[PDB]
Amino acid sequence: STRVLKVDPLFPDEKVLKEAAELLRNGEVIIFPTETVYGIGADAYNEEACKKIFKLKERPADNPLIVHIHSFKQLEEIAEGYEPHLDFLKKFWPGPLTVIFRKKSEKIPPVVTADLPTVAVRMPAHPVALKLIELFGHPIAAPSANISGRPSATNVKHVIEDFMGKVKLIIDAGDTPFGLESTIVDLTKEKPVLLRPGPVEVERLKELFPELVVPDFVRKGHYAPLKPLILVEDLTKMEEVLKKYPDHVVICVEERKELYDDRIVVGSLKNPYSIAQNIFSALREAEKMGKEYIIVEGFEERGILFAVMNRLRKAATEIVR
């Protein structure tokens, strides 16, 4: 029996956050916005409560949870060996960055980290998330707000498709600013490793970390619509793809919109952050539009479109290179 409470993203009503904090203290799961995607969270120090996240998501046990913190003092309670990277953390936090550290053990139970010695920490640059964590008093473990394998929720309409009647409370702060999950950098090995591309762009990370490792699984083929996804890297095969796949809807850009039948304009190449903001919404609009096949234009493997292509490659049923 779900409550949806609208709050301002800048100065949220602290009475709405106290109610969410109370539900977290009772070991309940709630949904809250961040600058990236909506989160489905619980008390990171509550084993049983975090287990409910796994069940609500329909999620495998061996997939660990990102712990959300509000302060550098909380980092010190949960992680160790970060001291040589504090300059870097202080430069990107709060913000759309998740880092892997060696766990300080103590209170973040094994279920949160899938029995791993590492923990993924994020200090989100969203006043609602920051003020909820500070008021609750404990860090929040939160995957993206979606059924496991589905596109990450970027607004309350999507949360509701996935979770109406399953959680007591959804905080609504509207459309998430970025539409894409946080960059994930692992800092626990000889050289830093990019595990997930996001709003902290690869190009920026390569400027700071010349020796950054970007693994094959990041550049090659979660986030899946209900109808089969055809990704077209080579846009000269677009004329040919549309034919091989008759019952189609297209997702294209503003500049190529007037060149298709049933088409959803995800955004413009003039403003590529608009593409990243709306891509997940586009998969959800498209799967509803009652066509057999969803057909997506590829983008430049550069800037934020790098992260978009990363998401669409893992979504795709076929990639047309």
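From 1 onward, residues are counted along the sequence shown. Note that the rigid core is defined as the largest set of C-alphas that superpose within 1.5 Å between two forms.
Displacement analysis by core superposition in 4 other deposited structures of this protein ranks 101 to 109 above the other of 101 to 109 and 67 to 75 in root-mean-square C-alpha distance from the shown form. In the deposited entry, the stretch joining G221 to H222 is interrupted by 10 or more residues of the deposited sequence lacking coordinates. Averaged over CA atoms, B-factors in the entry run higher in 200 to 208 than in the other of 176 to 184 and 200 to 208. Of the two segments, 27 to 35 and 259 to 267, the one listed with the higher mean B-factor is 259 to 267 (C-alpha atoms only). As recorded in the PDB entry, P228 shows the highest C-alpha B-factor of the residues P215, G149, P228, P124. Within the group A276, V253, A44, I69, the record's highest C-alpha temperature factor is found at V253. Placement of the Cα temperature factor of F306 within the chain: middle third of the modelled residues, per the deposited record.
Among the modelled residues of its chain, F92 has a C-alpha B-factor that falls in the lowest third, as given in the PDB entry. Residue-level temperature factors show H138 in the lowest third of its chain, judged at the C-alpha atom.
In this PDB entry, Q74 carries a Cα temperature factor that places it within the middle third of its chain's modelled residues. In the PDB entry, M289 places in the highest third of its chain by CA B-factor.
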